[PDB]
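Trainee: Here it is: the structure, laid out below.
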Amino acid sequence: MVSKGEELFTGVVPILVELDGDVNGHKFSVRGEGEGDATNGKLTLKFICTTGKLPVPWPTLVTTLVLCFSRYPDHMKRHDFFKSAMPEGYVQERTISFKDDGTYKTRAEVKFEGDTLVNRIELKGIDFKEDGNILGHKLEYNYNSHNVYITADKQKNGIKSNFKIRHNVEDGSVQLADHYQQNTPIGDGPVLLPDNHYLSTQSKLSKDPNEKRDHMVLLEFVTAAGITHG
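For the sequence shown, this note's numbering assigns the number 464 to the initial residue and increments by one for each residue that follows.
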């Protein structure tokens with residue numbers, strides 16, 4: 464182990480996710496539960512919309528709804544910022560610009576509460592078009608595999624990332640979601656600032672046949688790569 468935080472991820476860890484959202488004034492909430500295992504890079508989560516119908520497509524919230532569960536290979540352990548911030552945790556902030564449509568602004572705290580890894584999120588969505596791909600629910604219930612590049616932010620004592628997500632549209636087009644991300648430690652403790660690398664992601668979206676509430680079952684594998692050795 465090369466951080467104190469890394470010791471908290473040697474096994475399966477239960478997860479709680481809480482989002483409070485407002486998109487074009489439509490207020491909604493989501494809660495998720497499941498578990499993460501950073502030893503194999505695997506997350507399993509089930510999310511419900513606690514307020515009724517989700518006013519945005521579930522795929523648009525996948526990135527917002529725990530990168531501490533990324534599998535960092537043995538040779539890359541000194542580049543794992545996310546676990547190094549634990550248990551105090553980190554703030555994850557994004558701007559998500561939907562091409563030709565509105566913007567999500569997010570702020571999340573990811574930290575241990577008890578033995579649970581908690582991701583608690585506020586989301587504000589602005590300038591969405593009523594007849595767009597988002598408020599119109601024109602996005603396919605699926606999710607493309609993606610590489611996300613991680614850089615150190617020495618000033619903020621954390622990391623930053625920009626990346627584009629490609630959401631398939633029912634009419635065969637693609638809706639781009641341009642992500643700008645920064646992560647900053649909550650705690651005063653020392654953290655690992657990484658060399659340039661990327662995270663390889665794969666997300667499978669499904670439904671619980673016994674679940675009548677508006678919901679998303681998520682299986683996510685995230686693996687770090689891109690460092691030649693060390």
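Note that the Cβ used here is the ideal one computed from N, Cα and C, for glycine as well.
Which stretch, first to last residue, makes up the alpha helix (DSSP H) that contains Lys546?
Mentor: Residue mapping note: residue 546 aligns to position 83 of the sequence shown, counting from 1. Run containing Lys546: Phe544 to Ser547, per the alpha helix (DSSP H) assignment.
Trainee: Who are the near neighbours of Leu530 in its chain, counting only those whose CB is closer than 6 Å to its CB and skipping five residues on each side?
Mentor: As a working note, residue 530 is residue 67 in the sequence shown. Here the set comprises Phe545.
Trainee: Quick check: is any heavy atom of the ligand ATP less than 7 Å from the C-beta of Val519?
Mentor: Because no ligand of any kind appears in the structure shown, any question about the ligand ATP cannot be addressed here.
Trainee: Comparing alpha-carbon positions, which option in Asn487, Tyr612 and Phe561 lies nearest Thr664?
Mentor: Taking the sequence shown and counting its residues from 1, the one referred to as residue 664 is at position 201. When each option's Cα is compared against that of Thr664, the closest is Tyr612.
Trainee: When we look at the beta-carbon of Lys574 and count the other beta-carbons within 10 Å, is it buried (16 or more) or exposed?
Mentor: As a first step, residue 574 must be located in the sequence shown, where it is residue number 111. Buried: at least 16 other Cβ atoms inside 10 Å.
Trainee: Would you check if the distance between the CB atom of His642 and the CB atom of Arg557 is smaller than 8 Å?
Mentor: Against the sequence shown, residue 642 aligns to sequence position 179. Against the sequence shown, residue 557 aligns to sequence position 94. Against a cut-off of 8 Å, the Cβ pair of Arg557 and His642 comes out as a contact.
Trainee: For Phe591, which three-state DSSP category applies?
Mentor: Start at 1 with the first residue of the sequence shown, and residue 591 comes out as number 128. In the structure shown, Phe591 sits in coil (DSSP, three-state: anything other than H, G, I, E or B).
Trainee: Between the segment 480-492 and the segment 518-538, can you find at least three pairs of beta-carbon atoms closer than 8 Å?
Mentor: Taking 8 Å as the limit for Cβ pairs, the verdict is that the segment 480-492 does touch the segment 518-538.
Trainee: For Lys587, which residues of its own chain have a beta-carbon under 6 Å away from its beta-carbon, when the five flanking residues on both sides are left out?
Mentor: Position 124 of the sequence shown, counting from 1, holds the residue named residue 587. These residues qualify, in order along the chain: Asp485 and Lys568.
Trainee: Hey, is the segment 537-553 in contact with the segment 643-661, meaning 3+ C-beta pairs nearer than 8 Å?
Mentor: Result yes; three or more Cβ-Cβ pairs closer than 8 Å.
Trainee: Does the segment 502-517 come within contact of the segment 613-626, defined as at least 3 CB pairs closer than 8 Å?
Mentor: With a cut-off of 8 Å, the segment 613-626 and the segment 502-517 do not count as touching, because too few Cβ pairs lie within range.
Trainee: Could you give the first and the last residue of the continuous beta strand (DSSP E) run that contains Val486?
Mentor: Counted from its first residue, the sequence shown places residue 486 at position 23. Where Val486 is concerned, the enclosing beta strand (DSSP E) stretches over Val476 to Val486.
Trainee: For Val632 and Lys601, which I take to be in contact (beta-carbon distance under 8 Å), what is that distance rounded to the nearest angstrom?
Mentor: In the sequence shown, the residue the question calls residue 632 occupies position 169. In the sequence shown, the residue the question calls residue 601 occupies position 138. With a Cβ gap of about 5 Å, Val632 and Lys601 count as contacting.
Trainee: By DSSP's criteria, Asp641 is part of a beta bridge. Which residues make up the other side?
Mentor: Position 178 of the sequence shown, counted from the first residue, corresponds to residue 641. According to DSSP, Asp641 bridges with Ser560 and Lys627.
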